[PDB]
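The first residue in the sequence is number 1, and the count goes up from there. Order of appearance sets the numbers: ligands from 1, and atoms from 1 within every ligand.
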Amino acid sequence: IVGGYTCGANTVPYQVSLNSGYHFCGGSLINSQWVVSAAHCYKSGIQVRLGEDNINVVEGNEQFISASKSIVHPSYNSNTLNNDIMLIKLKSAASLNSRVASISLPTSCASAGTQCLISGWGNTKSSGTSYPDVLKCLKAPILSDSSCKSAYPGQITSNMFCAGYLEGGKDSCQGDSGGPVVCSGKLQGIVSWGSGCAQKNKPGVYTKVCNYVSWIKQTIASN
Ligand SMILES: O[C@@H]1[C@@H](O)[C@@H](O)OC[C@H]1O
Ligand SMILES: [Ca+2]
């Protein structure tokens, strides 16, 4: 997270860290045994880490559960990052309390101008490299379909929405991939891609989760 703040320990109780010996992506717990992430965050040997604040320190609220099954969306195009969504199932359910909680899926798509919360353990420098150990947060408005397509001509699909700041300085970044974009208590976006981080006229592009609620429900209902 570039240009954000320190969320606070377990102040985002649905955020997840995907560990393969090291934090490489984030996630969002949508129920006690399913995590939503980004398809480009796929790999074998994913251990899901819940209750995390400091990902290099065991503080005493973590839950380490290995994944049992990964499901990358049937239509995920790596080359355009269209349908950049995957489901991860936990080998055992999570113990749901105040610091490990699921996030509600959306019933309708969120609107441009709506203010969302973007969190992750990703890079904090737009021109540099520094990774945080504690969770970082950002509050960002969803940008209008027109300004999104103007910043990325020929790339933005109906399965993507831009959110952030066109003046540059505040964005999500490498390492926050697969993390939540929560608007009005719902999961509306997934950290997907973008040109650099926090650059002028190059905002963050996020997977439009409202377009995938039916897939998530019928996939969860059969696996
Ligand atoms: O984002 C672009 C994608 O849409 C495609 O064109 O492949 C190259 C990328 O720069
Ligand atoms: Ca920890």
S.K.: May I have the step-by-step check of side-chain hydrogen bond (donor to acceptor under 3.5 Å, both in side chains) for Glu52 and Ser17, ending in yes or no?
M.R.: CA-CA 7 Å; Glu52 288 286 357; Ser17 167; over 6 Å; no

S.K.: Checking a contact table here: which protein heavy atom is nearest atom 6 (O) of ligand 1, and how many Å away?
M.R.: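 In this structure, atom 6 (O) of ligand 1 has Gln155 CG, 4.9 Å as its nearest protein heavy atom.
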
S.K.: Is the NZ or CZ atom of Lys43 positioned over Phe24's six-membered ring, under 6.0 angstrom from the centre and within 45° of the axis?
M.R.: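 Yes, cation above the ring, under 6.0 Å and within 45°.
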
S.K.: In a check of side-chain contact (heavy atoms from CB on, under 4.5 Å) between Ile190 and each of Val209, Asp84, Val205, which one passes?
M.R.: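 It is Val209, the one option of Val209, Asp84, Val205 that forms the side-chain contact (heavy atoms from CB on, under 4.5 Å) with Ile190.
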
S.K.: Starting from the C-alpha separation in whole Å, work towards a yes-or-no answer on side-chain hydrogen bond (donor to acceptor under 3.5 Å, both in side chains) for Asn82 and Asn159.
M.R.: CA-CA 7 Å; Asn82 193 21; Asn159 300 308; 2.9 Å; yes

S.K.: Determine, counting only non-hydrogen atoms of the protein, whether one lies under 4.0 angstrom from atom 4 (O) of ligand 1.
M.R.: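 So atom 4 (O) of ligand 1 has protein heavy-atom neighbours under 4.0 Å.
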
S.K.: So which bit of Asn79 gets within less than 4.0 Å of ligand 1, heavy atoms only: side chain, backbone, both or neither?
M.R.: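 Backbone only; the side chain of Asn79 stays clear of ligand 1.
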
S.K.: Flag the pair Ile88 / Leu18 as yes when at least one side-chain heavy-atom distance between them is below 4.5 Å, and no otherwise.
M.R.: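 Of all side-chain heavy-atom pairs linking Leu18 with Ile88, at least one is under 4.5 Å.
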
S.K.: Applying side-chain hydrogen bond (donor to acceptor under 3.5 Å, both in side chains) to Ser150 and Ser147, what does each step give before you reach the verdict?
M.R.: CA-CA 5 Å; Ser150 294; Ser147 61; over 6 Å; no

S.K.: What are the protein N/O/S atoms, named by residue and atom, that sit under 3.0 Å from the Ca ion (ligand 2)?
M.R.: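 Result, waters dropped: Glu52 OE1, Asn54 O, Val57 O, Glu62 OE2.
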
S.K.: What pairs meet the ring-ring contact (aromatic ring centres under 6.0 Å, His included) rule with one or both residues in residues 166-209, with sequence neighbours excluded?
M.R.: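 Sorted result for residues 166-209: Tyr152-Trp193, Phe161-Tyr206.
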
